[PDB]
file entry_4.pdb (PDB, C-alpha atoms and all ligand atoms)
ATOM      1  CA  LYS X 576      29.765   7.125  17.512
ATOM      2  CA  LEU X 577      27.378   5.858  20.169
ATOM      3  CA  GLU X 578      25.701   3.605  17.582
ATOM      4  CA  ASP X 579      23.633   0.852  19.125
ATOM      5  CA  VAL X 580      22.626   0.123  15.546
ATOM      6  CA  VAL X 581      25.228  -2.460  14.665
ATOM      7  CA  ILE X 582      24.438  -6.128  15.347
ATOM      8  CA  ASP X 583      27.098  -8.735  16.057
ATOM      9  CA  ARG X 584      27.494 -10.938  12.989
ATOM     10  CA  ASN X 585      27.299 -13.982  15.239
ATOM     11  CA  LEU X 586      23.647 -13.310  16.073
ATOM     12  CA  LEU X 587      22.812 -13.723  12.373
ATOM     13  CA  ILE X 588      22.304 -16.855  10.300
ATOM     14  CA  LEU X 589      22.013 -16.532   6.520
ATOM     15  CA  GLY X 590      19.912 -18.699   4.245
ATOM     16  CA  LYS X 591      18.602 -18.763   0.658
ATOM     17  CA  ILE X 592      18.685 -15.872  -1.839
ATOM     18  CA  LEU X 593      15.307 -14.157  -2.112
ATOM     19  CA  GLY X 594      16.250 -11.800  -4.960
ATOM     20  CA  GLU X 595      19.090 -10.022  -6.762
ATOM     21  CA  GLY X 599      21.551  -6.142  -5.437
ATOM     22  CA  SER X 600      21.546  -9.520  -3.553
ATOM     23  CA  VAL X 601      18.946 -10.229  -0.820
ATOM     24  CA  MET X 602      19.081 -13.290   1.430
ATOM     25  CA  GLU X 603      16.778 -14.753   4.036
ATOM     26  CA  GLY X 604      18.116 -15.004   7.565
ATOM     27  CA  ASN X 605      17.473 -15.588  11.259
ATOM     28  CA  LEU X 606      18.251 -12.904  13.810
ATOM     29  CA  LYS X 607      18.788 -13.892  17.418
ATOM     30  CA  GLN X 608      17.070 -11.139  19.379
ATOM     31  CA  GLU X 609      17.691  -9.709  22.837
ATOM     32  CA  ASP X 610      14.735 -11.553  24.410
ATOM     33  CA  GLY X 611      16.337 -14.884  23.401
ATOM     34  CA  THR X 612      13.916 -15.554  20.518
ATOM     35  CA  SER X 613      14.956 -15.705  16.872
ATOM     36  CA  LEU X 614      13.393 -13.487  14.172
ATOM     37  CA  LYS X 615      13.108 -14.254  10.476
ATOM     38  CA  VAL X 616      14.918 -11.478   8.625
ATOM     39  CA  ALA X 617      15.843 -10.354   5.136
ATOM     40  CA  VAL X 618      19.483  -9.376   4.640
ATOM     41  CA  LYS X 619      20.511  -6.978   1.887
ATOM     42  CA  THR X 620      24.123  -7.172   0.749
ATOM     43  CA  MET X 621      25.211  -3.573   0.053
ATOM     44  CA  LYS X 622      28.222  -4.071  -2.272
ATOM     45  CA  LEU X 623      30.397  -1.045  -1.515
ATOM     46  CA  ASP X 624      33.510   0.737  -2.775
ATOM     47  CA  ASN X 625      35.971   0.474   0.138
ATOM     48  CA  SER X 626      38.697   2.485  -1.644
ATOM     49  CA  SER X 627      37.379   5.306   0.609
ATOM     50  CA  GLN X 628      34.942   5.211   3.517
ATOM     51  CA  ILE X 631      31.697   1.813   4.990
ATOM     52  CA  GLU X 632      31.252   4.747   7.355
ATOM     53  CA  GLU X 633      29.105   7.541   5.952
ATOM     54  CA  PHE X 634      26.616   4.651   5.739
ATOM     55  CA  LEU X 635      25.978   3.952   9.394
ATOM     56  CA  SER X 636      24.619   7.500   9.449
ATOM     57  CA  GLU X 637      21.262   7.152   7.715
ATOM     58  CA  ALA X 638      20.873   3.631   9.108
ATOM     59  CA  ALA X 639      20.840   5.045  12.613
ATOM     60  CA  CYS X 640      18.144   7.583  11.621
ATOM     61  CA  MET X 641      16.301   4.888   9.685
ATOM     62  CA  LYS X 642      16.306   2.776  12.828
ATOM     63  CA  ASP X 643      14.427   5.601  14.544
ATOM     64  CA  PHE X 644      11.553   5.243  12.031
ATOM     65  CA  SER X 645       8.356   3.731  13.459
ATOM     66  CA  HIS X 646       5.485   4.003  11.022
ATOM     67  CA  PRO X 647       3.507   0.895  10.012
ATOM     68  CA  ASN X 648       3.768   1.914   6.319
ATOM     69  CA  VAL X 649       7.585   2.241   6.488
ATOM     70  CA  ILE X 650       9.742  -0.852   6.592
ATOM     71  CA  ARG X 651      11.735  -1.046   9.854
ATOM     72  CA  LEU X 652      15.483  -1.215   9.922
ATOM     73  CA  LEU X 653      16.489  -3.782  12.520
ATOM     74  CA  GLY X 654      20.183  -3.013  12.217
ATOM     75  CA  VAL X 655      23.432  -3.537  10.290
ATOM     76  CA  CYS X 656      26.013  -6.373  10.333
ATOM     77  CA  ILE X 657      29.570  -6.700   8.959
ATOM     78  CA  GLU X 658      31.294  -9.737   7.448
ATOM     79  CA  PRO X 665      34.325  -5.605   5.220
ATOM     80  CA  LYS X 666      30.805  -6.480   3.955
ATOM     81  CA  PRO X 667      27.981  -4.312   5.373
ATOM     82  CA  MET X 668      24.625  -6.081   5.544
ATOM     83  CA  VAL X 669      21.316  -4.316   6.125
ATOM     84  CA  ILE X 670      18.924  -6.326   8.325
ATOM     85  CA  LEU X 671      15.233  -5.994   7.519
ATOM     86  CA  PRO X 672      12.063  -7.825   8.490
ATOM     87  CA  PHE X 673      10.959 -10.810   6.415
ATOM     88  CA  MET X 674       7.579 -10.492   4.697
ATOM     89  CA  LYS X 675       6.326 -13.782   3.438
ATOM     90  CA  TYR X 676       3.840 -12.063   1.068
ATOM     91  CA  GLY X 677       6.729 -10.342  -0.808
ATOM     92  CA  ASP X 678       6.745  -7.208  -2.910
ATOM     93  CA  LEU X 679       3.609  -5.560  -4.201
ATOM     94  CA  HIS X 680       4.568  -5.591  -7.853
ATOM     95  CA  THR X 681       4.736  -9.387  -7.924
ATOM     96  CA  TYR X 682       1.571  -9.711  -5.844
ATOM     97  CA  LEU X 683      -0.126  -7.566  -8.509
ATOM     98  CA  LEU X 684       0.879  -9.904 -11.344
ATOM     99  CA  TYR X 685       0.008 -13.041  -9.381
ATOM    100  CA  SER X 686      -3.414 -11.649  -8.773
ATOM    101  CA  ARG X 687      -4.115 -11.928 -12.486
ATOM    102  CA  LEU X 688      -3.472 -15.692 -12.348
ATOM    103  CA  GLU X 689      -5.885 -18.290 -11.025
ATOM    104  CA  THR X 690      -4.365 -19.900  -7.926
ATOM    105  CA  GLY X 691      -2.871 -16.561  -7.065
ATOM    106  CA  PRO X 692      -4.721 -13.910  -5.128
ATOM    107  CA  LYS X 693      -8.241 -13.202  -6.267
ATOM    108  CA  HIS X 694      -8.870 -10.308  -8.531
ATOM    109  CA  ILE X 695      -7.986  -7.271  -6.434
ATOM    110  CA  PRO X 696     -10.969  -4.917  -6.219
ATOM    111  CA  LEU X 697     -10.474  -1.192  -6.567
ATOM    112  CA  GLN X 698     -11.060  -0.501  -2.898
ATOM    113  CA  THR X 699      -8.111  -2.752  -2.071
ATOM    114  CA  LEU X 700      -5.994  -1.212  -4.859
ATOM    115  CA  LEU X 701      -6.670   2.244  -3.427
ATOM    116  CA  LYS X 702      -5.883   1.100   0.081
ATOM    117  CA  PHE X 703      -2.459   0.074  -1.302
ATOM    118  CA  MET X 704      -2.002   3.613  -2.595
ATOM    119  CA  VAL X 705      -3.058   5.093   0.735
ATOM    120  CA  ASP X 706      -0.548   2.957   2.677
ATOM    121  CA  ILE X 707       2.246   4.109   0.396
ATOM    122  CA  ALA X 708       1.110   7.670   0.519
ATOM    123  CA  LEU X 709       1.004   7.446   4.294
ATOM    124  CA  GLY X 710       4.494   5.960   4.366
ATOM    125  CA  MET X 711       5.892   8.591   2.036
ATOM    126  CA  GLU X 712       4.158  11.311   4.014
ATOM    127  CA  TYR X 713       5.940  10.141   7.188
ATOM    128  CA  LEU X 714       9.291  10.174   5.364
ATOM    129  CA  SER X 715       8.729  13.523   3.714
ATOM    130  CA  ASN X 716       7.858  15.089   7.116
ATOM    131  CA  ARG X 717      11.347  14.009   8.257
ATOM    132  CA  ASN X 718      12.870  15.378   5.037
ATOM    133  CA  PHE X 719      13.950  11.836   4.020
ATOM    134  CA  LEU X 720      14.129  11.351   0.272
ATOM    135  CA  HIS X 721      13.402   7.944  -1.185
ATOM    136  CA  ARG X 722      14.858   8.301  -4.701
ATOM    137  CA  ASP X 723      13.695   4.768  -5.808
ATOM    138  CA  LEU X 724       9.966   4.554  -5.218
ATOM    139  CA  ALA X 725       8.230   1.861  -7.289
ATOM    140  CA  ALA X 726       5.853  -0.966  -6.719
ATOM    141  CA  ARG X 727       8.717  -3.500  -6.718
ATOM    142  CA  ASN X 728      10.143  -1.704  -3.644
ATOM    143  CA  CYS X 729       6.859  -1.687  -1.693
ATOM    144  CA  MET X 730       6.328  -4.712   0.548
ATOM    145  CA  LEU X 731       3.278  -6.619   1.859
ATOM    146  CA  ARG X 732       3.189  -7.076   5.649
ATOM    147  CA  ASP X 733       1.591 -10.175   7.152
ATOM    148  CA  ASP X 734      -1.647  -8.104   7.630
ATOM    149  CA  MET X 735      -1.695  -7.067   3.935
ATOM    150  CA  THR X 736      -0.926  -3.435   4.672
ATOM    151  CA  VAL X 737       1.773  -2.095   2.363
ATOM    152  CA  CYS X 738       5.034  -0.544   3.512
ATOM    153  CA  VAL X 739       7.605   1.478   1.535
ATOM    154  CA  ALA X 740      11.117  -0.019   1.366
ATOM    155  CA  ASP X 741      14.582   0.452  -0.271
ATOM    156  CA  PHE X 742      14.973   3.975   0.996
ATOM    157  CA  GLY X 743      18.729   4.258   1.469
ATOM    158  CA  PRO X 763      14.625   3.174 -12.865
ATOM    159  CA  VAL X 764      14.381   5.483 -15.886
ATOM    160  CA  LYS X 765      10.622   5.248 -16.249
ATOM    161  CA  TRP X 766      10.104   6.314 -12.585
ATOM    162  CA  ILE X 767      12.349   9.412 -12.643
ATOM    163  CA  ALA X 768      10.821  12.860 -12.650
ATOM    164  CA  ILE X 769      11.634  14.938 -15.730
ATOM    165  CA  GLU X 770      13.645  17.566 -13.836
ATOM    166  CA  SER X 771      15.767  14.790 -12.355
ATOM    167  CA  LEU X 772      16.615  13.434 -15.813
ATOM    168  CA  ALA X 773      17.993  16.705 -17.225
ATOM    169  CA  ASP X 774      19.810  17.345 -13.951
ATOM    170  CA  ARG X 775      20.166  14.645 -11.304
ATOM    171  CA  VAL X 776      18.657  16.626  -8.407
ATOM    172  CA  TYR X 777      15.861  15.101  -6.256
ATOM    173  CA  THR X 778      13.321  17.008  -4.207
ATOM    174  CA  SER X 779      10.409  15.347  -2.442
ATOM    175  CA  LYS X 780       8.355  16.421  -5.420
ATOM    176  CA  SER X 781      10.516  14.042  -7.480
ATOM    177  CA  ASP X 782       9.365  11.269  -5.162
ATOM    178  CA  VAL X 783       5.789  12.520  -5.695
ATOM    179  CA  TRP X 784       6.304  11.855  -9.413
ATOM    180  CA  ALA X 785       7.533   8.330  -8.765
ATOM    181  CA  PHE X 786       4.519   7.821  -6.471
ATOM    182  CA  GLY X 787       2.267   8.736  -9.366
ATOM    183  CA  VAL X 788       3.968   6.135 -11.491
ATOM    184  CA  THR X 789       3.611   3.620  -8.706
ATOM    185  CA  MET X 790      -0.103   4.403  -8.547
ATOM    186  CA  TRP X 791      -0.338   3.672 -12.278
ATOM    187  CA  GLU X 792       1.579   0.427 -11.657
ATOM    188  CA  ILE X 793      -1.042  -0.493  -9.111
ATOM    189  CA  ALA X 794      -4.037   0.551 -11.161
ATOM    190  CA  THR X 795      -2.737  -1.480 -14.161
ATOM    191  CA  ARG X 796      -2.099  -4.562 -11.964
ATOM    192  CA  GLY X 797       1.566  -4.506 -12.812
ATOM    193  CA  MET X 798       2.121  -3.201 -16.302
ATOM    194  CA  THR X 799       5.485  -1.784 -17.131
ATOM    195  CA  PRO X 800       5.217   2.003 -17.520
ATOM    196  CA  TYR X 801       4.941   3.659 -20.974
ATOM    197  CA  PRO X 802       4.268   0.694 -23.275
ATOM    198  CA  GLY X 803       5.768   1.312 -26.731
ATOM    199  CA  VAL X 804       8.370   3.797 -25.415
ATOM    200  CA  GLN X 805      11.925   2.685 -24.854
ATOM    201  CA  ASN X 806      13.949   3.984 -21.945
ATOM    202  CA  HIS X 807      16.132   6.024 -24.353
ATOM    203  CA  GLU X 808      12.960   7.712 -25.750
ATOM    204  CA  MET X 809      11.768   8.828 -22.283
ATOM    205  CA  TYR X 810      13.213  12.333 -21.801
ATOM    206  CA  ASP X 811      12.110  13.508 -25.244
ATOM    207  CA  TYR X 812       8.780  11.747 -24.690
ATOM    208  CA  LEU X 813       8.345  13.729 -21.464
ATOM    209  CA  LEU X 814       9.848  16.962 -22.769
ATOM    210  CA  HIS X 815       7.031  17.073 -25.459
ATOM    211  CA  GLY X 816       4.589  16.699 -22.520
ATOM    212  CA  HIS X 817       3.392  13.141 -23.032
ATOM    213  CA  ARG X 818       2.437  11.441 -19.790
ATOM    214  CA  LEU X 819       1.346   7.942 -18.744
ATOM    215  CA  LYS X 820      -1.991   7.119 -20.339
ATOM    216  CA  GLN X 821      -5.056   6.441 -18.270
ATOM    217  CA  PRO X 822      -5.913   2.730 -17.642
ATOM    218  CA  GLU X 823      -9.121   1.091 -18.816
ATOM    219  CA  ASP X 824     -11.030   0.716 -15.531
ATOM    220  CA  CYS X 825      -9.411   3.626 -13.715
ATOM    221  CA  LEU X 826     -11.809   6.211 -12.262
ATOM    222  CA  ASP X 827     -11.316   9.649 -13.750
ATOM    223  CA  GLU X 828     -10.736  10.947 -10.202
ATOM    224  CA  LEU X 829      -7.917   8.538  -9.496
ATOM    225  CA  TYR X 830      -6.279   9.383 -12.815
ATOM    226  CA  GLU X 831      -6.426  13.096 -12.028
ATOM    227  CA  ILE X 832      -4.612  12.422  -8.743
ATOM    228  CA  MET X 833      -1.893  10.474 -10.498
ATOM    229  CA  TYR X 834      -1.567  13.015 -13.367
ATOM    230  CA  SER X 835      -1.115  15.814 -10.862
ATOM    231  CA  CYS X 836       2.024  13.980  -9.750
ATOM    232  CA  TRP X 837       3.617  14.522 -13.158
ATOM    233  CA  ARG X 838       3.179  18.278 -13.669
ATOM    234  CA  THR X 839       6.238  19.716 -15.377
ATOM    235  CA  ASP X 840       6.824  22.199 -12.532
ATOM    236  CA  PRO X 841       7.593  20.315  -9.296
ATOM    237  CA  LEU X 842       5.971  23.245  -7.526
ATOM    238  CA  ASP X 843       2.657  22.444  -9.146
ATOM    239  CA  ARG X 844       2.734  18.909  -7.850
ATOM    240  CA  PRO X 845       0.992  18.241  -4.531
ATOM    241  CA  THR X 846       2.706  17.109  -1.359
ATOM    242  CA  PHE X 847       2.303  13.553  -0.091
ATOM    243  CA  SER X 848       0.089  14.873   2.678
ATOM    244  CA  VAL X 849      -2.278  16.404   0.098
ATOM    245  CA  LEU X 850      -2.237  13.178  -1.954
ATOM    246  CA  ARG X 851      -2.818  11.015   1.053
ATOM    247  CA  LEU X 852      -6.034  12.791   2.052
ATOM    248  CA  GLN X 853      -7.302  12.928  -1.582
ATOM    249  CA  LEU X 854      -6.937   9.146  -1.861
ATOM    250  CA  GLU X 855      -8.385   8.512   1.595
ATOM    251  CA  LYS X 856     -11.449  10.583   0.640
ATOM    252  CA  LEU X 857     -11.906   8.792  -2.676
ATOM    253  CA  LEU X 858     -11.683   5.435  -1.023
ATOM    254  CA  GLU X 859     -14.318   6.506   1.537
ATOM    255  CA  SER X 860     -16.483   7.702  -1.353
ATOM    256  CA  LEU X 861     -16.677   4.067  -2.562
ATOM    257  CA  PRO X 862     -18.844   1.156  -1.383
ATOM    258  CA  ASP X 863     -17.549  -1.969   0.450
TER
HETATM  259  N1  LIG N   1      14.661  -7.015  -5.114
HETATM  260  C1  LIG N   1      13.804  -5.856  -4.822
HETATM  261  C2  LIG N   1      12.361  -6.325  -4.428
HETATM  262  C3  LIG N   1      12.225  -7.618  -3.549
HETATM  263  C4  LIG N   1      12.995  -7.737  -2.185
HETATM  264  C5  LIG N   1      13.438  -9.169  -1.784
HETATM  265  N2  LIG N   1      12.360 -10.074  -1.270
HETATM  266  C6  LIG N   1      12.040 -10.246   0.172
HETATM  267  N3  LIG N   1      12.574  -9.459   1.037
HETATM  268  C7  LIG N   1      11.885  -9.072   2.051
HETATM  269  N4  LIG N   1      11.377 -10.172   2.702
HETATM  270  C8  LIG N   1      10.598 -11.126   2.026
HETATM  271  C9  LIG N   1      11.000 -11.048   0.645
HETATM  272  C10 LIG N   1      10.442 -12.193  -0.252
HETATM  273  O1  LIG N   1      10.941 -12.472  -1.292
HETATM  274  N5  LIG N   1       9.264 -12.963   0.181
HETATM  275  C11 LIG N   1       8.775 -14.067  -0.690
HETATM  276  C12 LIG N   1       9.017 -15.461  -0.002
HETATM  277  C13 LIG N   1       7.934 -16.281   0.320
HETATM  278  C14 LIG N   1       8.116 -17.541   0.931
HETATM  279  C15 LIG N   1       9.387 -17.996   1.230
HETATM  280  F1  LIG N   1       9.577 -19.228   1.831
HETATM  281  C16 LIG N   1      10.479 -17.190   0.920
HETATM  282  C17 LIG N   1      10.310 -15.931   0.300
HETATM  283  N6  LIG N   1      12.397  -7.989   2.927
HETATM  284  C18 LIG N   1      13.279  -6.909   2.441
HETATM  285  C19 LIG N   1      12.445  -5.866   1.682
HETATM  286  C20 LIG N   1      13.235  -4.790   0.935
HETATM  287  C21 LIG N   1      14.678  -5.143   0.499
HETATM  288  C22 LIG N   1      15.149  -4.490  -0.824
HETATM  289  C23 LIG N   1      14.179  -3.581  -1.623
HETATM  290  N7  LIG N   1      13.539  -4.362  -2.686
HETATM  291  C24 LIG N   1      14.388  -4.982  -3.695
HETATM  292  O2  LIG N   1      15.565  -4.826  -3.578
HETATM  293 CL    CL N   2      25.621 -17.320   8.481
HETATM  294 CL    CL N   3       1.704  -6.681 -17.787
HETATM  295 CL    CL N   4       1.339   4.907 -21.210
END

call {"tool": "encode", "arguments": {"input": "entry_4.pdb", "output": "structure tokens"}}
result
Amino acid sequence: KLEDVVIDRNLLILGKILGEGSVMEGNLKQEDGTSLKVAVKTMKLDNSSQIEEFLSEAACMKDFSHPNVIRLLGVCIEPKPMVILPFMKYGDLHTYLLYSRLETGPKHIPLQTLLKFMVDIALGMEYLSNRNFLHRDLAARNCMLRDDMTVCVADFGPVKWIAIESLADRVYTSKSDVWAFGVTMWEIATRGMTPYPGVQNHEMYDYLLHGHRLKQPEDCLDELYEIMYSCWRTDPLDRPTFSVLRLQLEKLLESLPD
């Protein structure tokens, strides 16, 4: 119970809603006297039982220090647990991807940059997988852009992102995350398309059971599509690890000009 992970509610000031569960901007008064801009995620919970069993991961998650993994700053209570995260003015990668297809928004994202996004995420997931942390919700909307434009994975602790074995059952290995990473790669390569156009979410298990997979995008290198298709092999054992994927993508990026 020695959890120097909780933060006194009084050190926290809450502002506008950034998204809806419900996410609000905030200011965190830090221990050096300065205030930090934060994002505050309201985790609506069932307090029939036990609020606890929730400060467990958060204390492990606070021990995470990888630049491609969002940092947990701590948790506050109002009984309303609030998860305190850094604020990233550039927002989530999915939206950045769409914006980039509008004038005024980011310029067309070249492939090198798109791949560097996939490497960041692969690096972040590799860190988490080496500490046997499952994500269970990986998608471009839950990846965030840091002020230096490196990507970090977030919302650790959806139908079209769920591996096929996890639809029949509801079990999740890290190889189920690998599958979602492959979908996320497709999200990135398509500059934000929704997965499986023409297929409804109710059609998805039968779609996948008959071995249909996400189609290859128009400009996507054959080599990148092979990497992403490997994430969807029917046997989780045939899928690569995140450490294999991360090096594959790093190599392909290096095999491209600047
Ligand atoms: N709802 C989904 C995805 C989006 C998460 C909510 N958005 C933000 N949160 C973050 N910080 C900045 C933003 C933001 O929206 N930046 C734009 C802005 C510019 C300028 C400005 F003035 C205000 C906001 N950190 C928390 C990240 C992860 C929390 C939940 C996981 N992901 C979700 O649950
Ligand atoms: Cl407040
Ligand atoms: Cl689209
Ligand atoms: Cl498709």

call {"tool": "residues_near_ligand", "arguments": {"input": "entry_4.pdb", "ligand": "ligand LIG 1 (chain N)", "cutoff": "9 Å", "atoms": "only C-alpha atoms and all ligand atoms", "output": "JSON, numbers by chain"}}
result
{"X": [591, 592, 593, 594, 595, 599, 600, 601, 602, 603, 615, 616, 617, 618, 619, 650, 669, 670, 671, 672, 673, 674, 675, 676, 677, 678, 679, 680, 681, 726, 727, 728, 729, 730, 731, 739, 740, 741, 742]}

call {"tool": "residues_near_ligand", "arguments": {"input": "entry_4.pdb", "ligand": "ligand CL 4 (chain N)", "cutoff": "10 Å", "atoms": "all atoms listed in the file", "output": "ChimeraX atom specification"}}
result
/X:791,798-804,817-822

call {"tool": "resolve_selection", "arguments": {"input": "entry_4.pdb", "expression": "the PyMOL selection byres (((chain X and resi 772-789) around 6) and not hetatm)", "output": "VMD selection string"}}
result
chain X and resid 724 to 726 766 768 to 771 790 to 792 833 836 to 837 841

call {"tool": "closest_atom_pairs", "arguments": {"input": "entry_4.pdb", "of": "segment 603-675 of chain X", "to": "segment 698-720 of chain X", "cutoff": "12 Å", "atoms": "all atoms listed in the file", "output": "JSON lines"}}
result
{"residue": "X:637", "atom": "CA", "partner": "X:719", "partner_atom": "CA", "distance": 9.4}
{"residue": "X:638", "atom": "CA", "partner": "X:719", "partner_atom": "CA", "distance": 11.9}
{"residue": "X:640", "atom": "CA", "partner": "X:719", "partner_atom": "CA", "distance": 9.7}
{"residue": "X:641", "atom": "CA", "partner": "X:719", "partner_atom": "CA", "distance": 9.3}
{"residue": "X:643", "atom": "CA", "partner": "X:717", "partner_atom": "CA", "distance": 10.9}
{"residue": "X:644", "atom": "CA", "partner": "X:714", "partner_atom": "CA", "distance": 8.6}
{"residue": "X:645", "atom": "CA", "partner": "X:713", "partner_atom": "CA", "distance": 9.3}
{"residue": "X:646", "atom": "CA", "partner": "X:710", "partner_atom": "CA", "distance": 7.0}
{"residue": "X:647", "atom": "CA", "partner": "X:710", "partner_atom": "CA", "distance": 7.6}
{"residue": "X:648", "atom": "CA", "partner": "X:710", "partner_atom": "CA", "distance": 4.6}
{"residue": "X:649", "atom": "CA", "partner": "X:710", "partner_atom": "CA", "distance": 5.3}
{"residue": "X:650", "atom": "CA", "partner": "X:710", "partner_atom": "CA", "distance": 8.9}
{"residue": "X:651", "atom": "CA", "partner": "X:710", "partner_atom": "CA", "distance": 11.5}

call {"tool": "closest_residue", "arguments": {"input": "entry_4.pdb", "among": "X:794, X:861, X:832, X:655", "to": "residue 621 of chain X", "atoms": "all atoms listed in the file"}}
result
X:655

call {"tool": "atom_distance", "arguments": {"input": "entry_4.pdb", "atom1": "atom CA of residue 683 of chain X", "atom2": "atom CA of residue 793 of chain X"}}
result
7.2 Å

call {"tool": "closest_residue", "arguments": {"input": "entry_4.pdb", "among": "X:797, X:578, X:605, X:590", "to": "residue 632 of chain X", "atoms": "only C-alpha atoms"}}
result
X:578

call {"tool": "axis_aligned_box", "arguments": {"input": "entry_4.pdb", "around": "segment 843-853 of chain X", "padding_each_side": "5 Å", "output": "AutoDock Vina command-line options"}}
result
--center_x -2.3 --center_y 16.7 --center_z -3.2 --size_x 20.0 --size_y 21.4 --size_z 21.8

call {"tool": "resolve_selection", "arguments": {"input": "entry_4.pdb", "expression": "the PyMOL selection byres (((not hetatm)) within 9 of (chain N and resi 2))", "output": "NGL selection string"}}
result
:X and (584-590 or 604-605)

call {"tool": "atom_distance", "arguments": {"input": "entry_4.pdb", "atom1": "atom CA of residue 576 of chain X", "atom2": "atom CA of residue 634 of chain X"}}
result
12.4 Å

call {"tool": "atom_distance", "arguments": {"input": "entry_4.pdb", "atom1": "atom CA of residue 692 of chain X", "atom2": "atom CA of residue 859 of chain X"}}
result
23.5 Å

call {"tool": "closest_residue", "arguments": {"input": "entry_4.pdb", "among": "X:796, X:849, X:829, X:857", "to": "ligand CL 3 (chain N)", "atoms": "all atoms listed in the file"}}
result
X:796

call {"tool": "resolve_selection", "arguments": {"input": "entry_4.pdb", "expression": "the PyMOL selection byres (((chain X and resi 582) around 6) and not hetatm)", "output": "tab-separated table (two decimals) with C-alpha atoms, in the coordinates of the input"}}
result
chain	number	residue	atom	x	y	z
X	581	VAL	CA	25.23	-2.46	14.66
X	583	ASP	CA	27.10	-8.74	16.06
X	655	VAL	CA	23.43	-3.54	10.29
X	656	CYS	CA	26.01	-6.37	10.33

call {"tool": "residues_around", "arguments": {"input": "entry_4.pdb", "residues": "residue 806 of chain X", "least_positions_apart": "4", "cutoff": "9 Å", "atoms": "only C-alpha atoms", "output": "number ranges by chain"}}
result
X: 764-765, 810

call {"tool": "closest_residue", "arguments": {"input": "entry_4.pdb", "among": "X:860, X:686, X:835, X:612", "to": "ligand CL 3 (chain N)", "atoms": "all atoms listed in the file"}}
result
X:686

call {"tool": "closest_residue", "arguments": {"input": "entry_4.pdb", "among": "X:738, X:809, X:688, X:854", "to": "ligand CL 3 (chain N)", "atoms": "only C-alpha atoms and all ligand atoms"}}
result
X:688

call {"tool": "residues_near_point", "arguments": {"input": "entry_4.pdb", "point": "(31.6, -6.2, 3.2)", "cutoff": "8 Å", "atoms": "only C-alpha atoms", "output": "ChimeraX atom specification"}}
result
/X:620-623,657-658,665-668

call {"tool": "write_last_selection", "arguments": {"input": "entry_4.pdb", "atoms": "C-alpha atoms", "output": "tab-separated table (two decimals), in the coordinates of the input"}}
result
chain	number	residue	atom	x	y	z
X	620	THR	CA	24.12	-7.17	0.75
X	621	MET	CA	25.21	-3.57	0.05
X	622	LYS	CA	28.22	-4.07	-2.27
X	623	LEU	CA	30.40	-1.04	-1.52
X	657	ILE	CA	29.57	-6.70	8.96
X	658	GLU	CA	31.29	-9.74	7.45
X	665	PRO	CA	34.33	-5.60	5.22
X	666	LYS	CA	30.80	-6.48	3.96
X	667	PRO	CA	27.98	-4.31	5.37
X	668	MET	CA	24.62	-6.08	5.54

call {"tool": "residues_around", "arguments": {"input": "entry_4.pdb", "residues": "residue 579 of chain X", "least_positions_apart": "4", "cutoff": "10 Å", "atoms": "only C-alpha atoms", "output": "ChimeraX atom specification"}}
result
/X:639,642,654-655

call {"tool": "build_atoms", "arguments": {"input": "entry_4.pdb", "residues": "segment 816-826 of chain X", "atoms": "N, CA and C atoms", "output": "PDB file, in the coordinates of the input"}}
result
ATOM      1  N   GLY X 816       5.764  16.711 -23.368  1.00  0.00           N
ATOM      2  CA  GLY X 816       4.589  16.699 -22.520  1.00  0.00           C
ATOM      3  C   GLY X 816       3.671  15.483 -22.633  1.00  0.00           C
ATOM      4  N   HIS X 817       4.169  14.358 -23.121  1.00  0.00           N
ATOM      5  CA  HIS X 817       3.392  13.141 -23.032  1.00  0.00           C
ATOM      6  C   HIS X 817       3.539  12.570 -21.627  1.00  0.00           C
ATOM      7  N   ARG X 818       2.467  11.974 -21.136  1.00  0.00           N
ATOM      8  CA  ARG X 818       2.437  11.441 -19.790  1.00  0.00           C
ATOM      9  C   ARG X 818       1.836  10.046 -19.847  1.00  0.00           C
ATOM     10  N   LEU X 819       1.933   9.285 -18.740  1.00  0.00           N
ATOM     11  CA  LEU X 819       1.346   7.942 -18.744  1.00  0.00           C
ATOM     12  C   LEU X 819      -0.132   8.024 -19.053  1.00  0.00           C
ATOM     13  N   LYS X 820      -0.592   7.142 -19.930  1.00  0.00           N
ATOM     14  CA  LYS X 820      -1.991   7.119 -20.339  1.00  0.00           C
ATOM     15  C   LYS X 820      -2.885   6.546 -19.243  1.00  0.00           C
ATOM     16  N   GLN X 821      -4.146   6.917 -19.293  1.00  0.00           N
ATOM     17  CA  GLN X 821      -5.056   6.441 -18.270  1.00  0.00           C
ATOM     18  C   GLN X 821      -5.473   4.984 -18.513  1.00  0.00           C
ATOM     19  N   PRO X 822      -5.476   4.128 -17.470  1.00  0.00           N
ATOM     20  CA  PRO X 822      -5.913   2.730 -17.642  1.00  0.00           C
ATOM     21  C   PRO X 822      -7.413   2.600 -17.823  1.00  0.00           C
ATOM     22  N   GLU X 823      -7.800   1.379 -18.253  1.00  0.00           N
ATOM     23  CA  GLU X 823      -9.121   1.091 -18.816  1.00  0.00           C
ATOM     24  C   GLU X 823     -10.214   1.265 -17.771  1.00  0.00           C
ATOM     25  N   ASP X 824     -10.018   0.696 -16.587  1.00  0.00           N
ATOM     26  CA  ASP X 824     -11.030   0.716 -15.531  1.00  0.00           C
ATOM     27  C   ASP X 824     -10.815   1.833 -14.520  1.00  0.00           C
ATOM     28  N   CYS X 825      -9.817   2.674 -14.730  1.00  0.00           N
ATOM     29  CA  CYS X 825      -9.411   3.626 -13.715  1.00  0.00           C
ATOM     30  C   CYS X 825     -10.411   4.777 -13.648  1.00  0.00           C
ATOM     31  N   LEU X 826     -10.969   5.025 -12.459  1.00  0.00           N
ATOM     32  CA  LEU X 826     -11.809   6.211 -12.262  1.00  0.00           C
ATOM     33  C   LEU X 826     -11.081   7.446 -12.715  1.00  0.00           C
TER      34      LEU X 826
END
